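Chains as they are written, first to last, in the authors' numbering: chain D, 1 to 351; chain B, 1 to 351; chain C, 408 to 627, 636 to 1030; chain A, 408 to 626, 635 to 1029.
Here's the structure we're looking at; comments come further down.
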Amino acid sequence: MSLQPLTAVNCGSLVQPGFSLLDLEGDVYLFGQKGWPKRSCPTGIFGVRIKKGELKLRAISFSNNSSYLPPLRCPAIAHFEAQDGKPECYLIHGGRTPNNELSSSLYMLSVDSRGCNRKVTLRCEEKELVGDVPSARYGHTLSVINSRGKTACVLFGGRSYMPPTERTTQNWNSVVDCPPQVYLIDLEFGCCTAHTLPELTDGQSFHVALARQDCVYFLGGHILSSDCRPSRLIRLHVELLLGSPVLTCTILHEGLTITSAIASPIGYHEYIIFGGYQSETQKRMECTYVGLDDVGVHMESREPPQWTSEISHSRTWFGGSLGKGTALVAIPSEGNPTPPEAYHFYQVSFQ
Amino acid sequence: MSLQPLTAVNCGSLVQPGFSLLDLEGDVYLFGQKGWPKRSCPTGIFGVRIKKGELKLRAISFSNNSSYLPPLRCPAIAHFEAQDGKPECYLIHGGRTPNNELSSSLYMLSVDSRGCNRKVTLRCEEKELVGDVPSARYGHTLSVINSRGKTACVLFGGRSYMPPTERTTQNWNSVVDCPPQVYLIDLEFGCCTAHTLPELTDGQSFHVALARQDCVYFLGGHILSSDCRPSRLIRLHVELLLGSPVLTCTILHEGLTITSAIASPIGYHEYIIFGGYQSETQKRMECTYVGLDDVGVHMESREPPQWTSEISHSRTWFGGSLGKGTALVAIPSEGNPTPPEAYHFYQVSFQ
Amino acid sequence: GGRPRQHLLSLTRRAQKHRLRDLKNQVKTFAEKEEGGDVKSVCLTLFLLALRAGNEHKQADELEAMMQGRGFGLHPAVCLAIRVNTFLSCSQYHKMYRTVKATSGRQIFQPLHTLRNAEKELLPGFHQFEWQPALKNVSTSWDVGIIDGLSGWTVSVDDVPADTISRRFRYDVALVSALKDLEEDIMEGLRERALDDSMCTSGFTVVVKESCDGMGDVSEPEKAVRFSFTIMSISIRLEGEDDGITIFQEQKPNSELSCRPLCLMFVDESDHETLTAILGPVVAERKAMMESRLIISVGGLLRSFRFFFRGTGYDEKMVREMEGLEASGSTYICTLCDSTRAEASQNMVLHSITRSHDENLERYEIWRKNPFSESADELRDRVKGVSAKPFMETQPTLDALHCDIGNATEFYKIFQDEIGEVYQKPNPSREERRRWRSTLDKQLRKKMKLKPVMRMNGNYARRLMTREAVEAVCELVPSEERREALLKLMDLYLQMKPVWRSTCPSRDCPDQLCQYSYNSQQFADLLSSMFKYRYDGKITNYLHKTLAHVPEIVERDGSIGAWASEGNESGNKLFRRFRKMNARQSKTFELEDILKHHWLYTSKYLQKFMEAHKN
Amino acid sequence: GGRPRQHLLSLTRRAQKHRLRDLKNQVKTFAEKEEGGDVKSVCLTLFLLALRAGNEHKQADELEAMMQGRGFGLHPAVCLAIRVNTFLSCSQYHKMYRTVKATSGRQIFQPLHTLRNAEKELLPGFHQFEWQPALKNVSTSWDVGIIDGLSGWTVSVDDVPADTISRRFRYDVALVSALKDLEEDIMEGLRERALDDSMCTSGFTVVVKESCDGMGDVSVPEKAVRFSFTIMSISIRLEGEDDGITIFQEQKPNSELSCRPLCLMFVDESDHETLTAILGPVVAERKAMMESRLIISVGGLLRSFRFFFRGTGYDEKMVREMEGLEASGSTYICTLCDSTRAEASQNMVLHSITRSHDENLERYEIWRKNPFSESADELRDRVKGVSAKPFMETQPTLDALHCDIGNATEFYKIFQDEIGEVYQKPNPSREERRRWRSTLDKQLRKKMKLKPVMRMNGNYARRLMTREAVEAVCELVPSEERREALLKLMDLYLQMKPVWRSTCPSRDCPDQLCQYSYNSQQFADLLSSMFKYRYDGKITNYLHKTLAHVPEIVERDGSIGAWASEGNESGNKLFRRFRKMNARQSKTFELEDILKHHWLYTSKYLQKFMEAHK
DNA sequence: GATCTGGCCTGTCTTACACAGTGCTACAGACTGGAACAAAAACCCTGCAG
DNA sequence: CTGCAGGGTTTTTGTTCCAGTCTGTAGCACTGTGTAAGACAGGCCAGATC
Ligand SMILES: [Ca+2]
Ligand SMILES: [Ca+2]
Ligand SMILES: [Ca+2]
Ligand SMILES: [Ca+2]
Ligand SMILES: [Zn+2]
Ligand SMILES: [Zn+2]
């Protein structure tokens, strides 16, 4: 559990406080850049390199049958496990656009071929969704499950503006959480179904969740309605029966009062939280290991790496995990004149 | 014969253009300091050490029987060569007071004891003037002669504020050439007598003259009555006849139009004239050298060392020989904000 | 005995009433018995008739101008206006007020309370109205005032922060404010048209141009944009065959005094996120506005109003950045046709207008799906460089000012290369180019008396594109063939400069438009002949535009200098002058005040008082 | 039947007289009975009273101003006065003036050209005079005006760089302009004193207070130096037989609104050379004027004048500078006593005042020649910190504002100190003092409603002296002895503080002055005992002066505060605002303007015409 | 090699140096009525002062 | 006839209250929260030789 400050050489403006990372077979690609692409990188996705404390970026290309994708901001991300029919997809939906609008669209990401020289070819297939489709929303959550042995993917959460009827020129940035309703989706075909639960008293957003072996745990976030960060846990036992995938759930004693954290994987279901936000003004700052088992979820405090006084005194902080128990974060840089590198950069690890 | 960009470690704010650099007994000593002497060093003079393009300024201390000297700004300097009965002297007169005043007072400076630990004791004596005394002037030129075989001191040149009758509060900062009288002084006793010269049209300033074996050679300088710069040097010979120091002059038709140049003595009487101002804007960039003789001037322009665009662009400059074919020059610097070392410094050498 | 009784006018009003009580109650009872108890009118007529009995007609007429005539100096209006018309702060105004009150009694100016309230007469949100049909997705509240651009931007640090400070008005509200301002001249244009007023209350036609352009050098973050707009003209569509008679037409649109700001935000011009996040509601109301009919009590009559808009007031950079095209120097330069780079050099005169906002949407859709499963550059080419999603409709038009600036800089470096011999030396060196720069600088310092600048202003441009500057620099280029070449070049250029610089070319230089085709073709062919040295396949976008687009656009719309956006640039100077003098200063109030002041600055209802009684 | 009664004010004057003739006869006969036939004034007064019954003062004032004379236009004086009094550009004034002239003009304001002449009788260089004896080395020309401070400085590049731009007047001309301005009021005071106005008109006496402070942040700050003077109090001895009679002593000399600037220079306050090069001529001409007498036509009579000059309006470091005292925390602490810093702990009151200008000159010469061959720091001792040839003589006194600011920051510091611990933790570290100041300002904020500041401000110190902030903070003290002790110290301070703040305690409040020695003794010894840990041998200089010299200087020089440079510092705001928005951006003329404009700002002529009956 | 020491360094102290003028707001002061009341300003009117 | 104190006179001038109102002047949030020079104390230390 160590942190090291980094300094990116030739990249200092493209990332924004809300962005994303995606790993395919150990290969890291940044997703979500500030604004539309220039003439430089018409894809906006960057293969990332962290070597001798230096941070480099390189541009990616795609196939021709692969449609291109605008830079979403805070969508739900889901690694589709490599299996039939098409390994190895990685799901993207649906976030908000550079133009402050929402996508409400499903993209599947995949690798195609390589190289030649460390070059990797990728692809994006927009798949239409049939329903009973979900509405446009962002900051939501979605994960995959298997039911003997069918494969489905379920979404819930997210914020959105007021409905267009009351959409008001003075409320045009006012937003509320989505209704407390999940949406089950088969990937083939693009079916979508909406479902509410009696225990599901209220919608939410920002929340992270982990699925495994037909059951999911919905973990802590924050609800804007009551302005509360309820530290309970949600846990839904779901299954796919022909043709009604019935779904039950329960509330455990305690989850955690955290908001929009950085979750790294280390094992199958041994994961770790690098801190999100406990209070609206006060950041939670320590780690927390969480395993999930068929017996249940098992969580324990850990030793937090020795934070820099600066990262201790940032007002904001964010990022994702480089993977396998390693993460990367950035801090808004304070200086007049600006560096103008708007962020210090740190690299954290465990053990 | 080349330069070197020095750097003064500290105290880069105690150096106005006009100052003096006296070399006796090895080390060189800076006289004249912007503003009155701080308690950091009361006697104001600083021992100079040049190490790795770096400039160290050590404080100095006098004897107890010595006198105390104001930092005269553009004074007259005389190296009295080592001889009986008190080798080896410098003579400073009469200078410009830092607080804006004049002093016709005459100062004899010498070294007394050393060190033991490299700290060298100095002393100064107010040498009273009787005459026919020289009026208070500045930028004037005085040197020393030894004729049959006794030693005297010859002063000429220098401007002065308007006479104390036409001293107009609205012209207070006006200053014109003093009347053209040569001043012959014995250091003991101070029988300072003036002498006319029917050929010496008028006074002048910055005319860096030179004398060799009681024969003096005034190279041309500036004449404010005319704003002209007649190049030709004027030779003259003084003869310390008893008791009338008879005089002769001669109008050499070929000299050099130079104001306030730097002259490093290389040989016994071999003097390289570094540079000064041949115009109001055109500074003397070319180097110069004269071997002195009974024949007199024997002039060659040495190869002028390369000049950094820095020294090329600045409006003016100043400096003085470190002795031994070596000199230090300064440039009024800029910088945003103030460096505040308002002068960049360059060493220069011969061969 | 008795104390000597003094002159009634010199007694104390207490003692004056003490001694006058008798006739006081007499006049009281006379008013009550004969004139309905109106003592005021009674004593007014008493003084009036007593004065008019003594041949005091002048003083009586001045008194009659005082009573029932608003005397008391001049007006609240001109008072507040003059306060604006010289940027005087409030404390200063009151200091002058009390002064001119004490010395030279009979105060002329108004105190602070009178003008504070008088504001709300010309502030936005004062005249009532409504829409038919009702305005969609818009609150019908009509009395609102200033709103910070957050539009309910939730401040959740978990989400994107509310770190941006902004103010704005409600679009319709400033619109109706400007119209109600110009109801005066609309009634006067109805007059000049000798036109009915009880009738023709439905077919009014109003057109507005707009603009938005940030600026740096605002400090001691750092940048802000001033989104503004101004009415251009208004005509009559009723009742048939008559297409339209210009009832009002703007005379000085490029002028600052016609530039109505609407919203300001402490943001850079670059980051497309905050700009959209703020201006969104403006776009929504804009598009929701084209349809409904507004009801206004104009000339006392409730009449309807409809609106057409033409987005013009944007620099090339912003024009693109709200069109999602390649910014900036890619193979697609014509923001109207699909030219390549070298094809605009291949043929420099035969281009049409194709780039249409709707087709931009349609082809961004093709980019989005790639229904033909094509490669990156392949689909980019097939789509003709439609790289991003469009965001807002602008009329495919040109800015005259920066097109002139491009002509200026291009001819500038032409001179810099003609002092030297580039047609002999195809690859001259950087330092020789800088020496040619400095000699051109000193040449135009001696002749035409101009100093160098690192970046150019408009006067630099105009004073550069002059045949006198040509013949002044031509003395340095030795080849008398190249001299005549670029001499005829500048000649044919000026043969058309006013064509785009004309406010009404249909009248101001119609023959200059007629031969424009031949002049521009001569220009391009002269390039290809003698100046192809530089224009092998590389050109500047502005030239491209001034060659193959001027006549088309102007004939389709009427002018260019009419739709020119110039004002905002120098108005940035005004914004700075306002801020550093009248600020509170507090961030939540800086704009919240400067916007008021600024909007006030541009009411004809005031500016006429500067020019109305002056001529 | 009959004709209906309409409104009386709408029918013709025939019907008005018809319906009002009875009351017209009533008012006619009443005016004839009570005032002798004054119909006009009676109907006027009744109409005005009826208007005012409804509290309609405005229209009554309107109509009365229309009657008994008028105010149609304006006098040009107050016009230009107002213009300068609110810092407007000529462009502005013209736009506004043309505007209003277009509207109900009746041109009231006046155009520019007439103004720009109407002041040459107010600007200097305009009033004829002469002297007896003549001024030594001084032009007798009474006409000259704005002069570049260069004093005919030789532009010679080879010589000293002649760089700084400056502006100023000729000291005499500013003085005579100030007089010719105050002349109305000196005549007024003559009448008040009822002394003859024809004779006894040659032996007046004018007190001059000089002052000069630097000023940064004038855009690198550009750190330009401001120099001003002010007439303080004019007295008269004629025809003798007496001491002198103060005709006009200024009432509010503290106010910058009576502080006229004389010289402006675009140079730092520390670099001595250029400072001297531009100040020398002025001090020289002042020394020259000290002897002779001035002749001026004042009150239509050719009266005469002599003067006395007080060098007070200066900071400490500058005083030390142009006196030659080693700035600043030297071993020689006081400008006015010669004590050591260390010895100022043993004794703190018994100290004499001997430091005088010519004496310091003599001591500097005795330094220069060293007629005793004594050692270096030995020489430093015997000379008592005299080693720098001074030129500018000053009155040996301190400024009120600076004593106040320094004691205020001393208070603030010791409060931060004793909130933490000193005599129970002897050596505190830097972060300790930091946190103590943080929590100190927290206390000063939660109540007493003060926001923190980087440096000491004036009103900030005023509130920093209130005992209520002391009752608020000292609650944080653990001690009771020391707590009520610092309360009692604040008490003594409040009791004896307005003594130097006072304009004239001998007339304002002689009480504390009588017991000033006693309370100063009390507070000094209370500090010596209860706070020896902090003031063992190191003493803030201003505290030395206020604890060893206040009563003597008060006794000698009339009063104190009456000579504080405070008004000088205030003028900076002016010079700030002026440089902001009343100039073309050209240096050679920026001062040439700012002077003119500012010199206007101080005129009892103008200021009176500005008050105009409050 | 010892030392010591002249001088350079780092620190702590002390004296100046910036933050005011600004639009907005709230309150206070400044004005309208009836009665009947003291106190004065200055005519005149009387009485006691010679 | 003078002198002054003080009898009367009408005529200023304020005098008390409860409601307002029109204004001018006070109070305000508020930027930004360390600097820069020089004196003197001492700490240490190289350099140089004793
Ligand atoms: Ca621009
Ligand atoms: Ca631009
Ligand atoms: Ca000061
Ligand atoms: Ca100051
Ligand atoms: Zn085109
Ligand atoms: Zn003292």
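Using N, Cα and C, we set each Cβ at its ideal position, and we do this for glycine too.
Classified as buried, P134 of chain B has 16 or more neighbouring CB atoms from the shown chains inside 10 Å of its CB.
Runs of the beta strand (DSSP E) lying entirely within the segment 268-308 of chain B and spanning at least 3 residues, in chain order: 270-273, 288-291, 298-300. Nearest Cα to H1013 of chain A within the set A:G444, A:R574, A:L902, A:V507: A:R574.
With a threshold of 7 Å, the Cβ atom of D588 of chain C does not count as near ligand 3, since no heavy atom of the ligand is closer than that. Chain order is used for the residues whose beta-carbon lies nearer than 7 Å to a heavy atom of ligand 2, namely C:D730, C:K732. A Cβ of chain C is located within less than 8 Å of the beta carbon of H1028 of chain A. Contacts between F806 of chain C and chain A, judged by CB atoms closer than 9 Å, are missing: the closest CB pair is about 41 Å apart. Interface flag for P531 of chain A against chain B is unset, since no Cβ pair is found closer than 8 Å. Per the C-alpha coordinates, the member of A:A438, A:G739, A:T854, A:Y1016 positioned closest to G35 of chain B is A:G739.
At least one heavy atom of ligand 4 is found less than 7 Å from the C-beta of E984 of chain A. The residues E1005, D1008, in chain order, have a CB closer than 7 Å to that of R999 of chain C in the same chain once the five nearest residues on each side in sequence are set aside. Per DSSP, the continuous alpha helix (DSSP H) segment holding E700 of chain A begins and ends at 687-704. For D565 of chain C, the neighbours in chain D by C-beta distance under 7 Å run, in chain order, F206, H222, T259, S260, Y277. No residue range can be given for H482 of chain A, since it is assigned to no alpha helix (DSSP H) and is classified by DSSP as neither H nor E. Per the C-alpha coordinates, the member of D:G220, D:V295, D:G157 positioned closest to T288 of chain D is D:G220. Residue side-chain check: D620 of chain A places its Cβ nearer than 7 Å to a non-hydrogen atom of ligand 4. At the C-beta level, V175 of chain B and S160 of chain B come within 8 Å of one another. The segment 744-756 of chain C makes no contact with the segment 638-655 of chain C: fewer than 3 CB pairs, one atom from each, lie closer than 8 Å. Per the Cβ contact rule, the segment 680-697 of chain A is not in contact with the segment 649-669 of chain A (fewer than 3 Cβ pairs under 8 Å).
Secondary structure at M807 of chain A: coil, using DSSP grouped into helix, strand and coil. Taking 7 Å as the cut-off, the C-beta of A963 of chain A counts as close to a heavy atom of ligand 6. Neighbours of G478 of chain C in chain A, taken as residues at a C-beta separation under 7 Å, are given in chain order as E469. In the DSSP annotation of this structure, the continuous segment of the alpha helix (DSSP H) that includes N432 of chain A starts and ends at 420-441.
Residue contact check for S67 of chain D against chain C: a CB pair falls below 8 Å. The residue from A:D588, A:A803, A:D566 with its alpha-carbon nearest to that of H534 of chain A is A:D588.
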